[PDB]
Structure formats: C-alpha cells, structure tokens
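Heads up, the thing below is written out as structure tokens.
In what follows, every heavy atom counts, from backbone to side chain, and hydrogens, waters and symmetry copies are set aside. Below, chains carry the letters A, B, ... as their sequence lines are ordered, and counting in each starts from 1.
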Amino acid sequence: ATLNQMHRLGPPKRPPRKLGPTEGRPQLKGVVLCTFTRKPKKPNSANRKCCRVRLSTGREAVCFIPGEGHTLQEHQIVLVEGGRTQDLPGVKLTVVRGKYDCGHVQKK
Amino acid sequence: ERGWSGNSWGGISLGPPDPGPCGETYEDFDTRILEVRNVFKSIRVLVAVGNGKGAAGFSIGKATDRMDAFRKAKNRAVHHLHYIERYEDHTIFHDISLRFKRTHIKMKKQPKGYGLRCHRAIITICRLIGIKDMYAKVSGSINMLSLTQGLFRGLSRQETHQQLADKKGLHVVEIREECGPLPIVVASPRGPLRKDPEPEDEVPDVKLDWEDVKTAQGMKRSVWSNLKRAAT
Amino acid sequence: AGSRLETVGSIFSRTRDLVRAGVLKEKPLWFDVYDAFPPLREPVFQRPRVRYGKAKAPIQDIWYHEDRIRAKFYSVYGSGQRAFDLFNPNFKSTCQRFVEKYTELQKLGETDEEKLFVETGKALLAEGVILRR
Amino acid sequence: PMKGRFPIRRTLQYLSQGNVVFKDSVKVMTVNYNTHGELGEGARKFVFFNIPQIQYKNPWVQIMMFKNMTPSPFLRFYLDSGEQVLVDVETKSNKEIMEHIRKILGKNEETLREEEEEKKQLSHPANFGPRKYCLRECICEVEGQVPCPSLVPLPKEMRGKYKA
RNA sequence: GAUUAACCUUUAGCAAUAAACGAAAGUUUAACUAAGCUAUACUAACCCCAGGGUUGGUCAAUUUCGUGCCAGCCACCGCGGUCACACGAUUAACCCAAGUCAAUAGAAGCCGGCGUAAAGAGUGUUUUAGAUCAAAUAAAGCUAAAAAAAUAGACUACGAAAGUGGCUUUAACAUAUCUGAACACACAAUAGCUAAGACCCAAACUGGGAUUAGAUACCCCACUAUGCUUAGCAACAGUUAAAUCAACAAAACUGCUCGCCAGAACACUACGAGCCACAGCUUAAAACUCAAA
Ligand code: FES
Ligand SMILES: [K+]
Ligand SMILES: [Mg+2]
Ligand SMILES: [Mg+2]
Ligand SMILES: [Mg+2]
Ligand SMILES: [Mg+2]
Ligand SMILES: [Mg+2]
Ligand SMILES: [Mg+2]
Ligand SMILES: [Mg+2]
Ligand SMILES: [Mg+2]
Ligand SMILES: [Mg+2]
Ligand SMILES: [Mg+2]
Ligand SMILES: [Mg+2]
C-alpha cells in the first residue's frame, strides 16, 4: 500500500482475542451431572473418561478426567482448568486432580 | 560435543579435510556440517570448510552412506574456496544487504567485542571464515542452502577501503567516537589524488530499512531482541 | 590446488588470495609473468545481456564523403564491366578513378554536384575510359 | 525498504536537524512556488526537504503552500503585530533560503541557549522523587547515610518492634 | 455473610509527620506511625535441613520390569498391537530451587504483497484532492451477383469498449499534463417478460405413428412458446543499468497514484441496508471445527 493509504487506514487493528472455554479464567468450579466415556478420533483407540459438568457460569460442558481411575459421581464438586484433549474433538476442559471431590490418583 | 541441538547434525565438526590428490595438506582447515537430508535412500549433506583466516568454502555431497557423503562434500569444498576480506581481521568492511532467491540477509559491521549475533549457521560459517564481530538478520524463507549461497556471495562481493580509495581517488578517513575528532586515514589512493572534493550531498537518496530506523527511534518493542546469550 | 570457482574473480585474484591465505604453498609458474605484464582487462566472468528499450549498440557505420559519389556512379554508369582485383593492395577501379577526378574538380573549382558529375564524365572519356550509361 | 524517494526525510533525526526556530511573532508562513522552471528549482527543493523540518521545529506556526499562482516563487510571513515579510526566492538554493529566513526571523543561538538554561533550572538535582522527575528517590541512596531496611536490616535499637 | 479460581488482625499509640481548633501551654484523629497474618515479590542467610517438574524430536537428561491400540500419555509433531528410551512402577540422569510450574492473561505484529497461493479483465467522462509524468457513428436513398455484401483484403484501418468491410449524399469522429465514482451520466453484451402485429420455414413443450422384450432419448407426422417486426420497461511516466531470475507463466526492474488482500472451511452464506420484484442482484459476518489449506 502507498503512504497515503497507510495513513488513511491507520495503524493495524488486531481483532480482540477469543475467549476460551474458561472465559479467560485460570480455573472454574463445576458440578458433575453425569460420567461417561468417549472414543478418540481414529489414528488412536481408547475409552477416554469424561464427565459433563455445569460450570459456575451456568454453561454445561464436557471435561476429561486425567489419570488412571476416578471416583467422580453425580452432584460432586470439581475444579476444571483449560487445556485441550488432543484425541477428543470438542473436549477443551480438564478436571483438576486432588481438588474438592476429585482425589489424587491412587498409587499404582 | 553436540551441534545446534542434541539430536542435530548441524554445527558438528568433521575434522580437517583429507590430503588432496594434488598433494596439498589442509591441517589448518576445520569442517562443519550445515545440513543432512534423506533423499528418497541416499543422504545429501551440506558442509562448510575454513581455515579461520579468510579462506572458506562450502559443498554438497550425495552418497548412500553418510560418511561417504561427508568425505565427498569436504573434499569438493576445499577445491572451491572463496577468499573473504576482513576489516582488521575481525569484521566485514561495510553493511551488506542481499537477497538470494527468497532468502534476505542483512549484515552489519560492528566494533570489536560485539560478537556474533547471527543465525546459528551464519555463526558457524563466520567462525570458519574468521569474522568475530558482526550482526545478521535473515528474513524470508530460511532455506539452508540458499542462506549459505547468499552469505558467501555477499561476503565475497564486499569492497575494501583500498578499493574505494582507488576508485574514488580520495583518502578514506575513519572517525571513531572513542578516538575523539582525530582523523584516522585507513586507505589512500595508490595513484594520484583528486583535488576536487566529493559533492556534499545535502540529503542522500539512499534506500533505508524500516527495521533499522524503527530500532534507532526506539519504537522497536520486541521481547526477543537484545536477549542475554552465551558467548559466540 | 587453486579454487575452481571460475565465476568469482579471475585466475589472478583467486591465485593471489589463496597464496596470501597460505592455501597454496608456492605461486604458479605464470603468476610472476602476469604480475609483471598484466592484461588490459582483468578476465572476470560476465553474463552477456540483451538490450531492450532504447538501448542501442554503440557501433557506428563506416561512411565516407566519396561514398555518395560512388553511389551515383554505380547508379548511372552501373558496375564496371572490368572486374575487381581485391588481392592487389593498390587496385584502382573505374569508380575510384571517377571519385579521384571528381575530388580534383571540386578542389580546383566550384561545388555543383551535377556539373561536377558531367565534367568528370567528360574528362574520363577524354582520358580514354569507356563509360556506358 | 522505506517507501518513497528520500525516505531519510521521514526520520526523526532528519526532522530534528532543522536549524530554524521562528521568533514568537511569526504566526503564518505561506510558500508560493512553481512546479516548472529552473529559476524556481531551489524553492521546489525548499518545499521538498525543509518545510518538514521547519514545521517540526515550529509546531504552532501555520504553514500553507500554493502552486502555480504567480510567475515567481516567494515566501510570506505574517507576524502577530500584523506585519508581513516578503522573501523572494528566485535563483536561490534551498540552503540559501533557509539561511535567509534563519537570519531575518530565526532565534539566535544565544536565545536558544538561554531557553535551555531556563529549562535546566526546573530539574533541581537536589530534589528527591520518582525517576521520571528526579535523580534519586531517597536520601538512603546517598553513601554515608542510613540505607534502606529493605537492603540492610536496621539494628534492633532503631526498630519500634523492639522499643515497644 | 453471600458469591468467586481469587479469602490479612473485630492490634497499640497520638512519641514523629500531616490535618482541625486554640493567643498559648496543648487537645483530637482507624490519616498516619509502630506492630499482627500471607512464599505474591525483592534482599541477605542458613548449625543439620529439598522439593517440583522433566528425560522420543523441537529441548538438557533413562535402567529393569509391568501392560499389549488396553490402561494411559502429549505445547506441536505424535506414542501404546510381546525388544515401549514416549503409558504405570523402579533406577539413573537433567533443569530450576524454598520453591517448582499446570491453567489463565498480558508483554512482542503488517513500510509485506495482489498471473498461477488471499488479493488488479466490461468501456468512457466528470469528481474534493494528490503527483511532477504538465471497414467509426447516425439518417436517407440506391444496388450486382445470387434478406446480407464474392474479388479488392497477401490490406490492418476506424472506434472508449462492444464492434465496424456493397455504392451515393448529408451531418460527423471530445479534451494541451497525469492519477483519482459501488454511490452521477452515458454506452455495452447477456437472455427473458409487457402491449400489439406478421407467420413461408424451423422448432423447446403437447399429442399421434413405428419399433426391444424397461423398444430409438435418437426415426416419421402435426402444431405451440420462440426465432421475425415495431412500442417499452491496474492506470500513467521513465530504464536496460545492475546480481536476470524460488518454479512455471509473459525478459527484468524503478518512480507515482488508486483499488484490494492478511490460514482453511463456515460463506458467490445468514442478518442488516439498497435496488428491484415470478427465478432475484450488490455489500457481506459470527458461533462451532481443524493443523493445516
Ligand atoms: S527508598 Fe529510601 S529508605 Fe528505602
Ligand atoms: K502525633
Ligand atoms: Mg538430547
Ligand atoms: Mg490473592
Ligand atoms: Mg494489612
Ligand atoms: Mg485509639
Ligand atoms: Mg505493616
Ligand atoms: Mg514412562
Ligand atoms: Mg486467487
Ligand atoms: Mg483521469
Ligand atoms: Mg485505476
Ligand atoms: Mg446473496
Ligand atoms: Mg448484520
């Protein structure tokens, strides 16, 4: 572009950043509505442990439960952080282990 | 010792070139690997050689075995040597802006002690040549072969102070801020000296880079510029 | 051995640089001779370009004044029936005799091209040179 | 690279090279110049190279340009008193025009040096305050004085926790 | 208290400074001063006292077992199917260290481009400003071979483009700088409708005839809409000097101006607006998704 065009258009206007599933917050508290398993997209095969949770914002979202073995039940309180599960499409929230009802993974 | 990374061939030394069929020895030359690539199997290797005193070269070698490719590249490199002029045997004579294919290289002459703040491959090649103080910025496509070719081309096409003095028939006088207003004559014409002064261009019509002007005015804000780094 | 980059510098500059750099132990046998008696131009590779736009080659066309006279002669009396002998360094064609006689008239009289032509023809016929129109 | 011919004109260092600082009387400068003619060449250069510098050094002076309205280039300066100053600029280079206007309507170096000395008094070196305004934040930065407790703990006798 | 991922003591004194008041000694102050709590941070330690993460590549650093596309793991690329340096345990090593580093949010963004990747193919005129580059067409007639015009034309002319090639005549082919309209005015080509009219021939559709074994979709006959005639709805100016130059296209570049473009798809889309109006055209998003395209 010419100098006149750059002057008229002015400085570049970077679009506002997109808010993620946590809405720009480190973590979010949530209530477990139901627990289930989902299958990965297929270069990989597994039964990933997931749970549907109603967040403190009121939105219902699917979260992944990391680690080997969980004891989450309905009506239990969990803390969910960001971070996509690369295998599961549409799952962008992860339950924090060792906070509220979700306990740390049992040794071995 | 490792190269640019733990698992990377680049930057690794291959030792001196083998004594040539012409009968010359090259014990004062060091070889460095710049790139290794699988050709679909064979291996293509780009290596550079240099004695640290201005004589340096590079070559490609293709072979089924890696060591054969290394040997071929090294031996062919020693027979295609550039001589690179160095100002005071530590830096380049002037700033060099070049574009080889889609790779752009800006090189800046620097004072003593500045070090090599350059692309890692450029650091390797400069160490082979004997340049110790220089700044370099690589833009466009970062293609290793094009980078090497452009670097050698620009460094081989630099005009020395004596060349400029002979061309313009005038004294090349150096001004150093650390030396005050003292005029240092670095080169004088070998032939006769022109008695008419150079035109005092009130405003030269030079092509400026927005990068340099932006840095000079303080409008550069990059969090990655001027970071502390190991000695190079 | 020297550098095989024939497109970078010249054989002289490459040899000199590699000698000073210590790569070459001894100068080649021709180096001193080249240094003492260099060529007029340093033999550096250059790629020949094509001329576009209003760029014309600087070669001129070789014309002389007498060419005009020659043209008229070759248009009026035609090519002489006697043949040209280009091996003889001092060959004198009929047209050349006409040219010299015309020049003598011009330097010994006025400047009227048609009058000079006809008077030259008359004098050549007087000397005994056949000239058919 | 930087766009346009002579991109050095669009650098702050060049813009600060200007040596004409108008006296406070000058309010408006009009520059009438011609686009063609050798005798106006310098005036054209004056518009190309020096008007940016003059405007940079004199931000509150109104500079306006006019093209091909008269046979001859000229400058006119309007003063606060109501006076007008006419400067003919045929046959004059841009440097000559700059020197002429500097001489007739420019502040001299003595007045500028006086202004800088006045500016110096505003920043008294003895004051203590933020780095934006003062050399030192606190007296504890002065050697021989008691330093910060943040960097050197005070003895117990000088702390209230051990006095109460 | 409630709520949020977010969580300091229901301390002391007016001794200093500040404020209020007083003529003043002085009096008052949850301002403030001095303390309490908290790895949030900085500084300095430490007599014993170290943890957290990481170890396939990017990127410093794995031994032995267990499991077998399961359990699980990853920031990106990816690992896991009986020899897994990538999962779990264990050993060792690596980085930082009273911290470590999982999540979140900032810090750092266009002087680059527009034939083939996103981005410059209807034409002309005006336009506030910026720059320095100051054989056309229309209308009348007429016509030879057989309504549209052999030769000329192996010509390359006229016009802004679309286009213009029989002959005669009458009008007649803007502009002394350049750039600069979706929105103004003219043209242009594109097929289809509205009133009428003509109808030799042809012919979408609609009927009828003949045909294999889902006949011929295809052949034959007839006749509609229609074919016809009116009346209407990148530009400009320079250079060949340089190293020519990703590739292929069409040899490269400069100056100046306008328009347009910033990963894919959503999307020649939705909504809004304008224009029309059976079909619509112009401008033109967002959410979700992906590591590519
Ligand atoms: S800043 Fe003065 S005592 Fe700390
Ligand atoms: K007090
Ligand atoms: Mg490693
Ligand atoms: Mg807090
Ligand atoms: Mg507190
Ligand atoms: Mg109290
Ligand atoms: Mg406190
Ligand atoms: Mg493991
Ligand atoms: Mg495209
Ligand atoms: Mg225009
Ligand atoms: Mg345009
Ligand atoms: Mg639409
Ligand atoms: Mg809308």
Just checking D:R159: base, sugar-phosphate only, or nothing, at a heavy-atom cut-off of under 4.0 Å? sugar-phosphate
At under 4.0 Å between heavy atoms, what does B:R157 touch on the DNA or RNA strands: base, sugar-phosphate, or nothing? sugar-phosphate
Going only by the six-membered rings, do E:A108 and E:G109 fall inside 5.5 Å on centre distance and below 30 degrees on plane angle? no
Considering every strand and a 4.0 Å limit on heavy-atom distances, what is the contact class for B:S222: base, sugar-phosphate, or nothing? sugar-phosphate
Just call it for B:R2: base, sugar-phosphate, or nothing, with non-hydrogen atoms closer than 4.0 Å on any strand. sugar-phosphate
In Watson-Crick or G-U wobble terms, with both distances under 3.5 Å, the base opposite E:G141 is E:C167
Just to confirm, is there a sub-4.0 Å distance from OP1 or OP2 of E:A243 to any side-chain nitrogen or oxygen of C:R49? yes
As its Watson-Crick or G-U partner within any shown strand, both distances under 3.5 Å, E:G232 has E:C193
Six-membered rings of E:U170 and E:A171: centres under 5.5 Å apart, planes under 30°? yes
I'd like to know if the side chain of B:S5 and the backbone of B:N7 have a donor-acceptor N/O pair within less than 3.5 Å. no
If we call it a pair only when both distances are under 3.5 Å in a Watson-Crick or G-U wobble match, what pairs with E:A18? E:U29
Looking at E:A35, I'd like to know if its phosphate oxygens (OP1 or OP2) sit under 4.0 Å from a side-chain N or O belonging to D:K163. no
Give one of base, sugar-phosphate or nothing for C:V50, where a contact means two heavy atoms less than 4.0 Å apart. sugar-phosphate
Any side-chain hydrogen bond (donor to acceptor under 3.5 Å, both in side chains) involving residues 93-108 of chain A? Give me the pairs, sequence neighbours left out, ordered by first then second residue. none
E:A184: syn or anti, with syn meaning chi within 90° of zero? anti
Using a heavy-atom cut-off of under 4.0 Å over every strand shown, decide if A:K18 touches base, sugar-phosphate, or nothing. sugar-phosphate
Pair partner, E:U132 [Watson-Crick or wobble, under 3.5 Å]: none
Measure across D:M2 and D:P7 and return the closest heavy-atom pair with its distance rounded to 0.1 Å. CB-CB, 3.5 Å
Where do N or O atoms of nucleotides 259-261 of chain E meet protein N or O atoms at under 3.5 Å, pair by pair?
{"residue": "E:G259", "atom": "OP2", "partner": "A:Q5", "partner atom": "NE2", "Å": "3.2"}
{"residue": "E:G259", "atom": "OP2", "partner": "A:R8", "partner atom": "NH2", "Å": "2.4"}
{"residue": "E:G259", "atom": "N7", "partner": "A:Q5", "partner atom": "NE2", "Å": "2.9"}

Provide the distance between the two P atoms, one in E:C48 and one in E:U54, to the nearest whole Å. 31 Å
Is_stacked (C:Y52, E:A251) at 5.5 Å, 30 deg: yes
Under 4.0 Å, counting only non-hydrogen atoms across every strand here, what does A:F64 touch: a base, just sugar-phosphate, or nothing? sugar-phosphate
When the P atoms of E:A176 and E:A160 are considered, how many whole Å apart are they? 15 Å
Conformer about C1'-N of E:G109 - syn within 90° of 0, anti elsewhere: syn
I'd like to know if A:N44 reaches the base of E:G78 with its side chain, counting only an N/O donor and acceptor under 3.5 Å. yes
Pairing partner (Watson-Crick or G-U wobble, both distances under 3.5 angstrom) of E:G259: E:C114
For A:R17, report the nucleic acid contact type (base, sugar-phosphate, nothing); a contact means any heavy atom under 4.0 Å. sugar-phosphate
Whether A:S56 contacts E:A5 is assessed here as follows: a side-chain N or O lying under 4.0 Å from the phosphate OP1 or OP2. Is that the case? yes
Using the P atom as the point on both nucleotides, what is the distance between E:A157 and E:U126, in whole Å? 27 Å
If the cut-off is 4.0 Å, is B:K214 near the phosphate of E:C110, judged by side-chain N/O to OP1 or OP2? yes
Let's test your reading of the model: under 3.5 Å, does the base of E:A5 pair with the side chain of A:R25 as donor and acceptor? yes
Extract from the structure each pairing of a protein N or O with an N or O of nucleotides 84-87 of chain E at less than 3.5 Å, listing the distance.
none

Is it true that D:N68 and D:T35 share a donor-acceptor pair across their side chains at a distance under 3.5 Å? yes
Evaluate the stacking of E:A203 against E:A204, requiring that the six-membered ring centres lie under 5.5 Å apart and that the ring planes differ by under 30 degrees. no
So what does A:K39 touch, heavy atoms closer than 4.0 Å: a base, only the sugar-phosphate, or nothing? nothing
How far does the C1' atom of E:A119 sit from the matching atom of E:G113, given to the nearest Å? 8 Å
May I ask you to say what A:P66 touches in the nucleic acid, namely base, sugar-phosphate or nothing, with a heavy-atom cut-off under 4.0 Å? sugar-phosphate
For C:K54, report the nucleic acid contact type (base, sugar-phosphate, nothing); a contact means any heavy atom under 4.0 Å. sugar-phosphate
Check for me whether E:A246 and E:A247 meet both conditions: six-membered ring centres under 5.5 Å apart and planes under 30°. yes
Phosphate contact (E:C245 OP1 or OP2) by B:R102 side-chain N/O below 4.0 Å: no
Is any N or O donor-acceptor pair between the side chain of A:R48 and the base of E:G72 shorter than 3.5 Å? yes
Give none if E:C7 has no partner; otherwise give the nucleotide forming a Watson-Crick or G-U wobble pair with it, both distances under 3.5 Å. none
Under 4.0 Å between a side-chain N/O of A:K49 and OP1 or OP2 of E:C73, yes or no? no
Taking the side chain from A:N44 and the backbone from A:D87, do they hold a donor-acceptor pair closer than 3.5 Å? no
Does C:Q46 place a side-chain N or O at less than 4.0 Å from the phosphate oxygens OP1/OP2 of E:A243? yes
Contacts of B:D209 and A:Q86 projected onto RNA chain E by closest heavy atom; the upstream (5') one is A:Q86
Should the heavy atoms of other residues, nucleotides or ligands under 6.0 Å from CZ of B:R221 be counted, would the total exceed 12? no
Hey, is the side chain of C:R47 poking within less than 4.0 Å of OP1 or OP2 on E:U244, counting only N and O atoms? yes
State whether D:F48 and D:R9 meet the cation-pi test: NZ (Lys) or CZ (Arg) under 6.0 Å from the six-membered ring centroid, and within 45° of the perpendicular axis. yes
Between the base of E:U90 and the side chain of A:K108, is there a donor and acceptor pair under 3.5 angstrom? no
Whole-Å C1' distance, E:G109 and E:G81: 47 Å
Using the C1' atoms only, state how far E:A150 lies from E:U175, rounded to an integer number of Å. 43 Å
Chi angles and distances behind the ring-ring contact (aromatic ring centres under 6.0 Å, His included) call for B:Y87, B:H161: CA-CA 9 Å; B:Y87 171 77; B:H161 290 324; 5.3 Å; yes
What integer number of Å spans the P atoms of E:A19 and E:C42? 38 Å
Report which part of the nucleic acid A:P89 touches: base, sugar-phosphate, or nothing (heavy-atom distance under 4.0 Å, all strands). sugar-phosphate
Counterpart base for E:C76, defined by Watson-Crick or G-U wobble contacts under 3.5 Å: E:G57
Do side-chain atoms of D:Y14 reach the backbone of D:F49 as a donor and acceptor pair under 3.5 angstrom? yes
Using only side-chain N and O atoms of A:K29, determine if any of them is under 4.0 Å from OP1 or OP2 of E:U3. no
For nucleotides E:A162 and E:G141, find the distance between their P atoms and express it as a whole number of Å. 32 Å
Determine whether neighbouring nucleotides E:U64 and E:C65 are base-stacked, defined as six-membered ring centroids separated by less than 5.5 Å with an interplanar angle below 30°. yes
Presence of donor-acceptor pair under 3.5 Å, side chain of D:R10 and base of E:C111: yes
Going by purine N1 to pyrimidine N3 plus the second Watson-Crick contact, or the G-U wobble pair, all under 3.5 Å, which nucleotide sits opposite E:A265? none
With syn defined as a glycosidic angle within 90° of 0 and anti as the rest, where does E:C65 land? anti
Is a side-chain donor or acceptor of A:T37 paired with a backbone partner of A:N47 at a separation under 3.5 angstrom? no
